[PDB]
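Asker: model this:
(chains A and B)
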There are 2 protein chains.
Amino acid sequence: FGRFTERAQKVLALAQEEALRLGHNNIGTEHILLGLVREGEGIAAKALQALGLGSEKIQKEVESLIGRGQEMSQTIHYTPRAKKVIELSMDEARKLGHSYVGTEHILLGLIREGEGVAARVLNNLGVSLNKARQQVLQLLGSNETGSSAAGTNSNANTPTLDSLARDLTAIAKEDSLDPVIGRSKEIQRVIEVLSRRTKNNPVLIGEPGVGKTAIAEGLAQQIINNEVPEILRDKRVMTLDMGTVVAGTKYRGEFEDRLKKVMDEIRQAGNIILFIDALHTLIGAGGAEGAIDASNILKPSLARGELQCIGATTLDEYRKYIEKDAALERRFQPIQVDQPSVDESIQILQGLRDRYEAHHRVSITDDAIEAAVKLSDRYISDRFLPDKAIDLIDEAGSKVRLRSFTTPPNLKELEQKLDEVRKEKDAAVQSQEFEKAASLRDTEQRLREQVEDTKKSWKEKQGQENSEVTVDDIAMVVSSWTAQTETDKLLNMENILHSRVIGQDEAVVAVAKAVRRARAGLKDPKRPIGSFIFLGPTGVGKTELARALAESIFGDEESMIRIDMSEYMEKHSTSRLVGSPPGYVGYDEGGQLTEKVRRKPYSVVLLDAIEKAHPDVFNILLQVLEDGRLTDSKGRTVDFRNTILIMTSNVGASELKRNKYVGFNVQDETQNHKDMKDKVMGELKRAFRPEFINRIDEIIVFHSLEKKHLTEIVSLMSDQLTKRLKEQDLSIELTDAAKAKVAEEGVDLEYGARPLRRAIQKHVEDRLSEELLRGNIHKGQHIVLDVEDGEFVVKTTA
Amino acid sequence: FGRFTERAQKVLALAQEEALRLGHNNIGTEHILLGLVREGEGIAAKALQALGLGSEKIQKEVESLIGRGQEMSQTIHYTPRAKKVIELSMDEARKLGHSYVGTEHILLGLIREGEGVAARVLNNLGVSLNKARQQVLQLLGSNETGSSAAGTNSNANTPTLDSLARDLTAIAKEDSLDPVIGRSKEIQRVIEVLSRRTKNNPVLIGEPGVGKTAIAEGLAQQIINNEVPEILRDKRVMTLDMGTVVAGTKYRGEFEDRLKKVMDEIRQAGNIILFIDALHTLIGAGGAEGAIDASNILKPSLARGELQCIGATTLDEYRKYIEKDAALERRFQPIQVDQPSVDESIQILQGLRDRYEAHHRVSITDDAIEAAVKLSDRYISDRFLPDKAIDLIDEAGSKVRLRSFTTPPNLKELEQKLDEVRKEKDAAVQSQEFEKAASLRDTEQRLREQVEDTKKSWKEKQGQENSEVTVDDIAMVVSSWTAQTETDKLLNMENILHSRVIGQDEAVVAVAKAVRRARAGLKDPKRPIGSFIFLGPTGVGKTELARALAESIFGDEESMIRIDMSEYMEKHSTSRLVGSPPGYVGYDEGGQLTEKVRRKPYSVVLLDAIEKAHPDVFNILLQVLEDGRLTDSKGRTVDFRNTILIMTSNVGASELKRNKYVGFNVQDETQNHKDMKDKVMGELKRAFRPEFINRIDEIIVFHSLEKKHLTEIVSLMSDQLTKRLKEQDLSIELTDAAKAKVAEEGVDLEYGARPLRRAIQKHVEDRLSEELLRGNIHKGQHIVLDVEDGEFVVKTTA
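Answerer: Numbers count the residues shown, from 1 in each chain, chains lettered A, B, ... in the order given. Take a look at the structure below.
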């Protein structure tokens, strides 16, 4: 373990002394035994001496098992028996508590390791081996700790405080506990619920979902010193926990009987505080289920303040307790409970980082935590504000030690060598090849040991590397799952967003900067990270930007919703049954929009075609854009904070399907640019409400494509082609010359961004494939699609 | 078995020695016994010798039984008894482990086979039969390997490992384990999630599915040597086995107690790795009911990092774990899981090739293996990417062994002869006919031995067949459920689609080549391997091609969906229906379309008439045409990846239908071909959208009711007549002359292939049946439908 006590380690080192002193190549088990008795006293040492085995008795036998010499101490490590004895003490101390191993455990371990040289020493000297293991044990007392013992107090406390349970106050008198976190005003407010008497029962309302029990340790501390009543001092805090009741009982009826007994013993009352987790479940009122009706005993108890108690209830549970009354509502009284906000997250991270330095890393870093947390709160966005965080910290809190030790020192080849040896050796010895095996053995185990020496030479790489949990590290994780390599995504957002967006330096930079503004807490987070309307036709860069955002902002693309407004416009699905029959605004709110975004909160919510949806739909969209929430689906709250709203329209489309011209002039092109960035955002206003648009940060125009943008759609569709065919069959590349010939056809004055899919289809997909059908190209070769003399020719370069 | 160890086989063979050495012309059981003891000191031999039965006692008895001395042996074979001793020992070696058979088992088997002469030999020589079986048994020698016995001891290690369960590392240190081929890239990403302790726990979320456990065996192996962190210092990996916990307890309370016990012993913490299979089920979160609520012990265990564990959860299950939190989520953490990609598939196949040698019908070929995978991957697809594969290997991996013994040179006839003999013989011995029976036995047993000789002359039919699995072999089998005879289907696709489909050679070749283009992986197959528009009037070639495509691509015709989009109505029936219109488009998206294509993943989806059949449908289909997917049915994704989308049309029909027949045109014909290949596809564009059409592979025109196309429609319908009556037993053939006379009546510029059914009905069905009524033809004679001189005539030729 290397986290043993002295005492163990000492009998063991005494073993080596006898190794050479008695002449043993390998420090035998006989020496570990000698080690115990030669340290004189120590529970092992003493133990052997109890049975009558002094150093005298032992050594006569020991020298009679291996005499002198062998003073060479040939590769002095232990004998394998003796090595087992060391392993044995570790477990012989685990079972007997001890994480740090002593003398005793080794003598106990010897007995265990009973065919060993030691073992035979004792069984030869007339002392039964088990008589020895006994002897160590009966001196391995292992007195109380984490508690104290010296007397007996109390009579009436006996029946009550016994039952049920740990007694939180007790565990907080002598620490065997941790703060852990709060919820500080809750503790004040608990004493608000506890310095009264009619409604003397605290009732914590909130998600549970923060580790309610952390708050509880709060009361303990504060009820003692010094905010507590004048004659309703001498308070005791007694915990009532379900787990103790159910175990070995296995019945609700019996559980009720035991609980009844507990309420009776609480007769030390008028000074007692009871902790009741999930108070509704016991009350039995509300919902189809009652989840037991403890209420018969529990309710009058709650009202009197004999069961002056702390109720841990939730959002719904409080309804289902106050509904009874007036002793579950002439007892109850609620208090507003906290759960971590963004800053709180950071603090939690640090607090339990440090204890996983048992796990030799984690340790570090403030900044790293900040990455886990800060990046998470707004983006990914896959759990809760601190929960998200810790995973990120920890992936990376491992990640680097793995890439560190990606081999031995690169001496991974060594193991490979040693294999080949063993084989040669083995097979050679099985045939013989006598001395032709000789050298093979020697080469084998020589090598083997060398390998192992250098396998811990990247323990130098441990002392070099093995704590990294840094900004970038964490940040890599935050992008990895879906504050450096997420904020490098943020800072370099424009670069990332352009690479899929079909030209449109205009579109990209507008979205990029707006998301980047929010994404480091500069714009507005109680709104989407960016609200936008993206106008244009199909295949212009709209969708492509939505995607590129999912990737950049959250780390991976899968955090992207994409909702058709056409399914529930109540103006294009009204009675056309698009999707399913549900009455359409009800379909969107009551189900689809709210459920989906509630599932993925990070989601780039892409609400397609808000162009001609019913004006009521826009009121909902406006609420998403402003509030960063919608409340629908019978009172569920759906998080649009961390969303990136991108609402598309194809009313810009007309203008955004003209290219960046190739029209009547070449000065029509530089008049198409300005035309697309102006005409679109006003066809937007004509298509739907300004009030809606008033909650939208920037109106992104996705300019139709003139190369620059043409040769970038051709290179997106053709690149989507060349990659989807590599998994099953051929390697395709289109030369730049061939991407050019398609882009000329992606021109139209009136269809500047749509025609491209078909023309990649015909000119790439169809073209390689009709060339496999001829036998010009094939599966599994590299297909360069080239221009021959102004006609495509599929060439091979494999 | 035919795979026995020496010791057995030798004692047995020594019987044959005594057979002739004493003359016993059938090698008796007495000789098997002699066989044991004359083989000296095998466990059988040795055994008898312990009880006192040396060779001396045995042969002395033996020679006093059958004894001397007709040194030959009758067909030198055994007694039936002695043959039984061999069969018995084999089983007496199965019992005692032993895959093969050893000496002991033969003596043990003798005792068992106790009416044998040996048994009586031993019971004559003063040693009880059971004293002999005793001795062999208690010298238990059998086949061995998987050594792990040499004596072991530990103290605390005892409580954990007892319960519950196998140790993955252990089975991989004696290597009774196998890799197994993963799912390799997953394992690195786990050790990041595992060398943690702030979120200590990996939790694998994904399809389970080819064996989740392959990833698990991964960890074990990497955690030993050496790329493993020092974060993960001195780790052991222990696997959860749910089955042992539930067994022998038969109660939830007891089950909980055992799990609790395990969590306690995990006190070896910070040095232990726990593998928890199906981790959600124990947490018991979500649903109407839980799933088992081990959670009380398990949740804090997960949080502490004592149960630093690897969770194997499923698609929904992770939701139901973060649903608890933040210790079932602040410990837990999800990871992206692998299920083998197409290349990985191939490798698996081969990996288990060598054990298919046990059935001897594959090993080999690679080329076939690839087929198993690839052909299946793209074309149905009713299993996962490697499962599909392996099944095909073995499918073919038997197929040829069946052709082996169905047709060798057919010494099946031999056996047939031998039959006739026995009968004759038997009945002859019974008739008497006695010496006339004599020779009949002799002819019988002669035959019997010959029979048996020529069936193992078809061990030459084994050395010929008994391991291959060839290209075609796999491919044909791939066609049987669902490279050669699936890629011959691909290469010869035009030929195959024409052989069932009409004179629309234009259409056939266009579709054939377009599917064959995609289906060989050189044209976009993310979306259907062919999207199409099929123009023509109904019954022309359109439907028929949809069928022929299924047949060619998948090897079965009945993998063809078929939806009419025009049937979806009530899509404007507001108050018109009554007061609400609940249904039809909602049925199509919400259930029918998505479920059906998801059911048969790849299948010719034949979307009938979308000329104006809800303009919204064309958009919905467009998403299929582009992506290969639709998302409907409340979040199901339907893969139309290598479906063949065929969207039908009969709006071009009018021109497609037009003539090419003589008797009335000689210049409209040569204006109907050229007219159809342009004009048809433009009546299409008004009936769809260009946006739709741009994501279509090709726009197919079925030049129809030509001269030519007719007599092929007539030959499909009339051939369906001649075939549909054979089940009810009538043989019909139409001569080409009679199919021609009907074909004249479906052509002009106007009509369709509609009147062809009616006229086939009249001239074949109705007429032949009225010809049974007139008595020229009957039921079950061959009916030739001929033309006499221009007047129809039904002739008979059977």
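Asker: hmm, stretch A:563-579 in reach of chain B?
Answerer: Yes: figure legend: stretch A:563-579 in contact with chain B (C-beta under 8 Å from any C-beta of the partner chain); contacting residues A:566, A:572, A:574, A:575, A:576, A:577, A:578, A:579. For the C-beta atoms, the positions are set from N, CA and C on the backbone; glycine is no exception.
Asker: Nearest to residue A:659 among those residues?
Answerer: Distances from those to residue A:659 were compared by C-beta to C-beta; the smallest belongs to residue A:566, at 27.2 Å.
Asker: Isn't that closest one up against residue A:610?
Answerer: No: judged on C-beta atoms under 8 Å, residue A:566 makes no contact with residue A:610 at a distance of 10.0 Å.
Asker: who's more crowded, the two?
Answerer: Neighbour comparison, residue A:566 and residue A:610: the larger count goes to residue A:610, with 23 against 20 (by other C-beta atoms under 10 Å in any protein chain shown).
Asker: Give me the three-state assignment for the more buried one.
Answerer: With DSSP: H, G, I helix; E, B strand; the rest coil as the basis, the three-state label of residue A:610 is coil.
Asker: Look up the closest residue to it, ignoring the ones flanking it.
Answerer: Excluding the flanking residues, the one nearest residue A:610 by C-beta to C-beta, 6 or more residues apart in numbering or on different chains is residue A:647, at 4.4 Å.
Asker: ok, that neighbour touching residue A:611?
Answerer: No: distance between residue A:647 and residue A:611: 9.2 Å, which falls outside the contact criterion (C-beta under 8 Å).
Asker: Neighbour count: the two, which is higher?
Answerer: For residue A:647 versus residue A:611, neighbours defined as other C-beta under 10 Å are more numerous around residue A:647 (29 against 23).
Asker: just to revisit the earlier point, who does the helix or strand harbouring the residue nearest to residue A:610 pair with, and is each partner parallel or antiparallel?
Answerer: With the criterion set as DSSP states H and E, the secondary-structure element containing residue A:647 is strand A:645-649. Each strand paired with strand A:645-649, and its direction, by DSSP bridges: strand A:531-535 (parallel), strand A:606-608 (parallel).
Asker: Any chance of a markdown table for these, columns mean neighbour count and distance to residue B:665?
Answerer: Formatted as a markdown table, the entries for these read as follows, by neighbours: other C-beta atoms under 10 Å in any protein chain shown; distance: least, C-beta to C-beta, whole Å:
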| stretch | mean neighbour count | distance to residue B:665 |
| --- | --- | --- |
| strand A:531-535 | 30 | 54 |
| strand A:606-608 | 22 | 52 |
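Asker: Just confirm residue A:424 contacts residue A:439, I think it does.
Answerer: No: taking contact to mean C-beta under 8 Å, the distance of 9.4 Å between residue A:424 and residue A:439 leaves them out of contact.
Asker: so who does the nearest residue to residue A:139 once chain neighbours are set aside touch?
Answerer: Nearest-residue entry for residue A:139: residue A:43, 4.3 Å, with adjacent residues in sequence omitted and distances by C-beta to C-beta, 6+ apart. For residue A:43, the residues meeting the contact criterion (C-beta atoms under 8 Å, 6 or more residues apart in numbering or on different chains) are A:102, A:103, A:104, A:107, A:136, A:139, A:140.
Asker: ok, residue A:43 to chain B distance?
Answerer: Residue A:43 sits 15 Å away from chain B, going by C-beta to the nearest C-beta, to the nearest Å.
Asker: Can you give me the distance of that residue to residue B:736?
Answerer: Between residue A:43 and residue B:736 the distance is 108 Å, computed by C-beta to C-beta, to the nearest Å.
Asker: what's the answer for residue A:626, then?
Answerer: 77 Å.
Asker: who has more neighbours, the two?
Answerer: A direct count of neighbours by other C-beta under 10 Å for residue A:626 and residue B:736 places residue A:626 higher, at 18 against 10.
Asker: Need the three-state assignment for the more buried one.
Answerer: helix.
Asker: Name the nearest residue to it, ignoring sequence neighbours.
Answerer: Once flanking residues are discounted, residue A:626 sits nearest to residue A:695: 4.3 Å by C-beta to C-beta, 6+ apart.
Asker: Then residue A:527?
Answerer: Counting by C-beta to C-beta, 6+ apart, residue A:628 is the residue found nearest to residue A:527 once chain neighbours are left out, at 4.8 Å.
Asker: Isn't that neighbour up against residue A:644?
Answerer: No: when contacts are counted by C-beta under 8 Å, residue A:628 is not listed as touching residue A:644 (11.5 Å).
Asker: Around chain B, which positions in the stretch 101-250 of chain A sit nearby?
Answerer: Taking C-beta under 8 Å from any C-beta as the criterion, the stretch 101-250 of chain A approaches chain B at residues A:108-109, A:112-115, A:209-211, A:243, A:247-248, A:250.
Asker: so who does the nearest residue to residue A:135 once chain neighbours are set aside touch?
Answerer: In space, residue A:135 comes closest to residue A:47 once its chain neighbours are excluded; the distance is 3.9 Å by C-beta to C-beta, 6+ apart. If you count contacts by C-beta under 8 Å, 6+ apart, residue A:47 has them with A:36, A:104, A:107, A:132, A:135, A:136, A:139.
Asker: I appreciate the help and will end here.
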